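# Examination of the molecular architecture
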Amino acid sequence: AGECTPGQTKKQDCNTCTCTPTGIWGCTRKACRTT
């Protein structure tokens, strides 16, 4: 029904992202590296 399912997490770079219960696959930026 949509692009993604609100239950799948993806590993982009060093951070983690989760599918949203709307069809938009999103991620974060800050974390991992240095601190």
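Residues numbered from 1 in each chain as written, not as in the entry; some residues may be left out. Heavy atoms only, no water.

### Some remarks on the pairing of strand β1 (residues 9–12)
Two faces, one strand: in a regular strand the side chains alternate between the faces of the sheet. Across 4 bridges, β1 lies against strand β2 (residues 15–19) in antiparallel orientation. Bridged to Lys11 within β2 is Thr16. Linking β1 to β2, which pair antiparallel, is a turn of 2 residues; within it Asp13 sits at a positive phi near 70°. (Pairing = 2+ DSSP bridges. Helix = DSSP H or I, 4+ residues; strand = E, 2+ residues; numbered from the N terminus.)

### Structural notes on the sheet that holds strand β3 (residues 25–26)
Strand order in the open sheet formed by 3 strands is β1-β2-β3, and the pairing between neighbours is antiparallel. Taken across any chain shown, the strands that pair with only one partner, and hence form the sheet edges, are β1 and β3.

### Focus on the state of the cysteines
Covalently bonding the sulfur atom of one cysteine to the sulfur atom of another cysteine gives a disulfide. Under the defined criterion, the tally for this structure stands at 3 disulfides. Note that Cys4 is cross-linked by a disulfide to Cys19, the S-S spacing being 2.0 Å. Taking the torsion about the S-S bond as the criterion, the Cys4 to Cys19 disulfide, at about 80°, is right-handed. Taken together, the residues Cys4 in the segment before β1 and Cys19 in strand β2 connect sequence positions 15 residues apart. The pair formed by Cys4 and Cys19 is uniform in burial state, with each residue classed as buried. Here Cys17 engages in a disulfide with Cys27; their sulfurs sit 2.0 Å apart. (Disulfide = S-S within 2.5 Å. Buried < 20%, exposed > 50% of the residue type's maximum accessible area, 1.4 Å probe, protein only.)

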